[PDB]
Amino acid sequence: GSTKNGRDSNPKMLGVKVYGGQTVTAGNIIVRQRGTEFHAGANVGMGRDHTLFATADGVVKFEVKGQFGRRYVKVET
Amino acid sequence: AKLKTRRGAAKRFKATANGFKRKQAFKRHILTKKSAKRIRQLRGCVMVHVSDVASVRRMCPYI
Amino acid sequence: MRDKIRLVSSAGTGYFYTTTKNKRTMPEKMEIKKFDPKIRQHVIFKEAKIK
Amino acid sequence: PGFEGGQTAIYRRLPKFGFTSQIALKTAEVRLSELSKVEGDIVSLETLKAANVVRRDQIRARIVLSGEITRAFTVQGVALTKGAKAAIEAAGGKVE
RNA sequence: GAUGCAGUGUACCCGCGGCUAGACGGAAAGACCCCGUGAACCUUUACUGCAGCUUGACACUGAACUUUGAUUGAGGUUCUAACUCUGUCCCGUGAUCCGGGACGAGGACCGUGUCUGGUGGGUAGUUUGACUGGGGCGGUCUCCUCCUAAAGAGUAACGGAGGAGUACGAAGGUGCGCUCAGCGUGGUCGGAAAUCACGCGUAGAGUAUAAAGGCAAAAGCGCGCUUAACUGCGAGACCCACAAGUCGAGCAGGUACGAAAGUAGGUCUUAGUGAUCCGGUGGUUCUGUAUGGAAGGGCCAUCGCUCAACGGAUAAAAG
RNA sequence: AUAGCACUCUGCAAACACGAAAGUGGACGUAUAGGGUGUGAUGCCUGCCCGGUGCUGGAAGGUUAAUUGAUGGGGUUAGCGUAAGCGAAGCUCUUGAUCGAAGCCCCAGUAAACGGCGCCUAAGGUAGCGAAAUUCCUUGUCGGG
RNA sequence: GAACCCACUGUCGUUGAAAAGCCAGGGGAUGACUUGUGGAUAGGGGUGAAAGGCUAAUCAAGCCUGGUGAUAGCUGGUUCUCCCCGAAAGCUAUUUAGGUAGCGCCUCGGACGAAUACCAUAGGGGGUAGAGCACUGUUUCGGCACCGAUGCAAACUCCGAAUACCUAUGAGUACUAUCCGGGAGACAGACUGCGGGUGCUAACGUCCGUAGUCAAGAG
RNA sequence: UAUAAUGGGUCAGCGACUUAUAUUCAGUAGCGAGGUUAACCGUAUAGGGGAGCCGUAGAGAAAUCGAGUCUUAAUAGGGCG
């Protein structure tokens, strides 16, 4: 006979692009994510596809905050 | 004999100061579904890629 | 099925947008206010055949 | 050359654009410094052709500000840019 | 699958007569099998062309008299001068060719030239995909979600499992307002399960659609007003052999909703798709083969492919 | 292959064949003759189906090729307008009114035409024969040798 | 049943006496018979009591010359010496799979020089090994869909390493790293160890990731 | 691949990356913001022959402008110089 499987989708290259302690410029993308695994803090904007980008020049920092305990990424000038 | 130009390529490529300019694809007929950003950004000319510059040079010797 | 259609400016400049509609649920002709670059103002646009 | 193993070629997957202008073939461009080759004080289409800075089959010429000139000229029936006209006047020439 | 390598055993040097177990013995670049975008011949309701046959219009092609239809156009009946005779007679001539002359039988028919519809394996040039634990048969060829995937990205098998080729002028934008679902108690023909009050625990509800990642400033739910489902762009970055793809602060113009700070460049996101050539439509301060126009061409917007063998040999192809 | 049989075509300048034509064979023959096709002495015989394809005859009802060229639209050309611009003959570009045969569609006949002989079709095998030059199970079963 | 014309069986021959025969048998032999001389039919043609038979030892399209040196992604071959460097058998696309093109890997020149690499320290994300039952699914024993105990999972997770990866600073040791241009080859890999799919926890089996050797390397 | 995979019985002689044209890069020589002739004439490698070609300016489909130019309502922003 034959098999009904044998299909897959092309890769999407998701994940973190700039790690904590690094330097960024305004407009640099920091996180590529399907959902909001990370949220935006100061000087970080969110795109329509949930991408996180930097709106200011500085140093990236990750943190855990809030009652929900969700993770935030921000830029320090 | 003299080298002959590939007229099909000569009709798609023009010469600039340091390279070649070209038009972009995906703007001819199917346009309703395409977004306005794509419509505007695909307009105008761009530059030939370095990897493909050599073939254009071979096909268009005198330009 | 959805059919393509044209929205032509009322100002007569000839500017037009293109969209789609469901004929079963929208028999009536489409009105909509849109911006016209040629005369740089907001004016009404009328449904018309995509042609 | 231009065969990529069967995939649609670069020169065939891009669109054609533009058209050729006939008058551009007969239009001629002349640098300012080339007027030194001219013999005499009168700069015209005929004199440029005689000096061999313009091909015989051309029907009009234009002068652009490219080099420098240390002579006085009178230009007749030749188009001049703003900079070229200023340079000619500074060098002590005239137009028409 | 060893006279020639390793370890061992046997064997003084050379003929003649016989034998065929081996020297993957000699002989013919395997005919069997598969491949090459090779060859030939044969078949057909494969593609395409032609000979042959056949329909009509114009020409060769003329005269007279009559009938009937929607000024014309279809017939019929006679005639002889074009034209046919592989019919008789006379001559060139000594001749079953041919030519001319007379007669006879036909006759505006038949037949031929040009054009045109149909038929056309009679003949001719060709085509008839790839992957594949050999080939064929079967299945598959493009896109999205999870696992394989070894805690950054990427990563194969005819490996294991599911979806897609849409929908919506509101299911878009904005201001304001509200949280699901599940159980325990009493009530009408209504009870396992129909509407309604209180109370308990808790997100199991929902999110147009498959799954994953998400969702309280709710991204879930309702109401009023509206068209930012705009135009010109665009610092910077992700991904990428190319062609392509993706996110985006910010500036100018005109808008919608808010008292206002302000939000809005389609919808929680990731599938819903097709390059080039050719042609159609609306504009266009471009070009216009002597000159003025026009035709044609260019530029902006947009329309026509299941080209799914989905980077798409030709417009058109089986055994 | 054959003698025999049957179907079909051919009225003579025959049908058919060769050839580019002229012309030649058929035949210096004339339906008791000539060509094509199938079966294959002889004896007894040769069932059903015209739905499909082909052939034959009829019908004139729908579709139209060349040809012909109604009407419409466009470019240019004259004269007029303060100005909006209005705008003809002629030439030229383009459109396709009407006329128009076969062929196709339609009806009937034809099987010693090709072909078929399992509720449905067009109808589902008359005579004769039969594990056969046809039988897979199969060295089917019974008798003779 | 002789001559004459044929070719049914068997032996011999198979570098033969012979590129089709001899010997012993066999069939027709007044006929649709055999045979001499001279003529006609010519290659997509001729002829054929029909085998694709014959057409000069040649026939599913004769022979000779010319187009012609046809094309062949296929097979073979490619000739003196020394010095330096030194690969790949991968990704993407293809009427593409034993061909080819861009990228990756090699070499030479120019430009440019530590902007590079190893290690130490500092900062940063994770969801694999392991483990667990708080979600999903599944398993057994008890007391009332629940409660107690117990076990399992690539497509389960309340948890969670070592390694690996990114960024900054620094000692030492290494002419490193990047850019522009000329010339390539290569796109059939093999075994072994480790983490796996497939298979029978089979294959000198097959398909991935990762390191070593062979390929191209002797002792 | 010792392979039981291919080719060669032996010797002597013959036997395979060429030629013309165009173009691109490198080395070398002349001249230098300039460089160079072609056909042709010429008792002819001389001398003459400046038509032509490359370089000296880009942008834009084009008109056009020009150290600027295209896009746009925009001296904004951006692309190519």
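Just so it is clear, the values below take in all heavy atoms, side chains as well, and ignore hydrogens, waters and symmetry mates. Chain letters run A, B, ... following the sequence lines, proteins first and then strands; every chain starts at 1.
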Does H:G60 have OP1 or OP2 under 4.0 Å away from a side-chain N or O of B:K21? yes
Paired with E:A241 by Watson-Crick or G-U wobble geometry, both distances under 3.5 Å: which nucleotide is it? none
Considering residues at least two apart in sequence or located in another chain, which fulfil the salt bridge (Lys or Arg N to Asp or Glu O under 4.0 Å) criterion with D:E34? none
For residues 36-50 of chain C, which side-chain N or O atoms pair as donor and acceptor with protein atoms under 3.5 Å away, sequence neighbours left out?
| from | atom 1 | to | atom 2 | distance (Å) |
| --- | --- | --- | --- | --- |
| C:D36 | OD1 | C:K38 | N | 2.9 |
| C:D36 | OD2 | C:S9 | OG | 3.0 |
| C:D36 | OD2 | C:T13 | OG1 | 2.8 |
| C:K46 | NZ | C:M30 | O | 3.4 |

Residues which pass ring-ring contact (aromatic ring centres under 6.0 Å, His included) with B:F13, listed by chain and number, not counting sequence neighbours: none
More than 12 foreign heavy atoms under 6.0 Å from CD of C:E31: is that the case here? no
Given the structure, is G:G132 a Watson-Crick or G-U wobble partner of G:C175 (both distances under 3.5 Å)? no
Identify whether G:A117 and G:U173 are a Watson-Crick or G-U wobble pair (both distances under 3.5 Å). yes
Under 3.5 Å on both distances, the Watson-Crick or G-U partner of E:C79: E:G62
Is it true that G:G10 and G:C23 form a pair, Watson-Crick or G-U wobble, with both distances below 3.5 Å? yes
F:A17 and F:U24 base-paired, Watson-Crick or G-U, both contacts under 3.5 Å: yes
Would you say A:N28 and A:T25 are linked by a side-chain donor-acceptor pair, where the criterion is simply a distance under 3.5 Å? yes
For the atom pair CZ (C:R2) and OG1 (C:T25), what is the distance rounded to the nearest 0.5 Å? 7.0 Å
Is there a donor-acceptor pair closer than 3.5 Å between any side-chain N or O of D:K49 and the backbone N or O of D:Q58? yes
Might you list the N or O atoms of the protein lying below 3.5 Å from N or O atoms in nucleotides 78-81 of chain H, with each pair's distance?
| from | atom 1 | to | atom 2 | distance (Å) |
| --- | --- | --- | --- | --- |
| H:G81 | OP1 | B:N18 | N | 3.2 |
| H:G81 | OP1 | B:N18 | OD1 | 3.0 |

What protein N or O atoms touch nucleotides 124-129 of chain G N or O atoms at under 3.5 angstrom, if any, and at what distances?
| from | atom 1 | to | atom 2 | distance (Å) |
| --- | --- | --- | --- | --- |
| G:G126 | OP1 | A:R71 | NH1 | 2.7 |

Suppose the criterion is side chain to side chain donor-acceptor pair (under 3.5 Å): which pairs have a residue in residues 41-52 of chain A, not counting sequence neighbours? A:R32-A:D49, A:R32-A:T51, A:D49-A:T51
Cation-pi geometry met for B:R12 and D:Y11 (6.0 Å, 45°): no
Expected rows: protein N/O vs nucleotides 280-285 of chain E N/O, under 3.5 Å:
| from | atom 1 | to | atom 2 | distance (Å) |
| --- | --- | --- | --- | --- |
| E:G280 | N2 | C:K51 | O | 3.4 |

I'd like to know if the side chain of D:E29 reaches the main chain of D:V64, judged simply by a donor and an acceptor atom lying under 3.5 Å from each other, with no hydrogens or angles considered. no
What residues from residues 5-12 of chain D pass a heavy-atom cutoff of under 4.0 Å to RNA chain G? D:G5, D:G6, D:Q7
Nearest of E:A235, E:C233, E:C143 to any side-chain atom of A:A26? E:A235
Suppose the criterion is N1-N3 plus one more Watson-Crick contact, or the two G-U wobble contacts, each under 3.5 Å; do E:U114 and E:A57 qualify? yes
How is B:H49 classified with respect to the nucleic acid when contacts are heavy atoms under 4.0 Å: base, sugar-phosphate, or nothing? sugar-phosphate
What nucleic acid atoms does C:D36 come within less than 4.0 Å of, heavy atoms only: base, sugar-phosphate, or nothing? nothing
Run the pair test on E:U207 and E:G177: Watson-Crick or G-U wobble, both distances under 3.5 Å, answer yes or no. no
Could I get a table of every N or O pair under 3.5 Å where one atom is in the protein and the other is in nucleotides 246-249 of chain E?
| from | atom 1 | to | atom 2 | distance (Å) |
| --- | --- | --- | --- | --- |
| E:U246 | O2' | A:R32 | NH1 | 3.4 |
| E:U246 | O2 | A:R32 | NH2 | 3.3 |
| E:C247 | OP1 | A:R48 | NH1 | 2.8 |
| E:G248 | OP1 | A:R48 | N | 2.7 |
| E:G248 | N7 | B:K37 | NZ | 3.3 |
| E:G248 | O6 | B:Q41 | NE2 | 3.3 |

Residue list, ring-ring contact (aromatic ring centres under 6.0 Å, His included) with D:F73, at least two apart or on another chain: none
I'd like the P distance from H:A46 over to H:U36, given in whole Å. 15 Å
Give D:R60 one of three labels, base, sugar-phosphate or nothing, depending on what nucleic acid heavy atoms sit under 4.0 Å from its own. sugar-phosphate
Pull out every protein N or O sitting under 3.5 Å from an N or O of nucleotides 65-73 of chain H, one pair per line with the distance.
| from | atom 1 | to | atom 2 | distance (Å) |
| --- | --- | --- | --- | --- |
| H:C65 | OP2 | D:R62 | NH1 | 3.2 |
| H:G66 | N7 | D:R62 | NH2 | 2.8 |
| H:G66 | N1 | D:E29 | OE1 | 3.2 |
| H:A67 | OP2 | D:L65 | N | 3.4 |
| H:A67 | OP2 | D:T81 | OG1 | 3.3 |
| H:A73 | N9 | C:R40 | NH1 | 3.3 |

Range-with-range stems for RNA chain H, at least three Watson-Crick or G-U pairs under 3.5 Å: H:34-36 with H:52-54, H:68-71 with H:77-80
G-U wobble or Watson-Crick pair formed by E:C200 and E:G182 (both under 3.5 Å): yes
How far does the P atom of E:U209 sit from the matching atom of E:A167, given to the nearest Å? 16 Å
Mind checking whether E:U45 and E:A21 form a Watson-Crick or G-U wobble pair, both distances under 3.5 Å? no
Rounding to the closest angstrom, what is the interatomic distance between G:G127 and G:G132 at atom P? 22 Å
Using a 3.5 Å upper limit on both distances, decide if G:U75 and G:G52 constitute a Watson-Crick or G-U wobble pair. no
Are both defining distances between E:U269 and E:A212 under 3.5 Å, such that they form a Watson-Crick or G-U wobble pair? yes
Would you find more than 12 non-hydrogen atoms of other residues, nucleotides or ligands less than 6.0 Å from C:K21 atom NZ? yes
Determine, with a yes or no, whether G:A32 stacks on G:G31 under the 5.5 Å centre and 30 degree plane limits. no
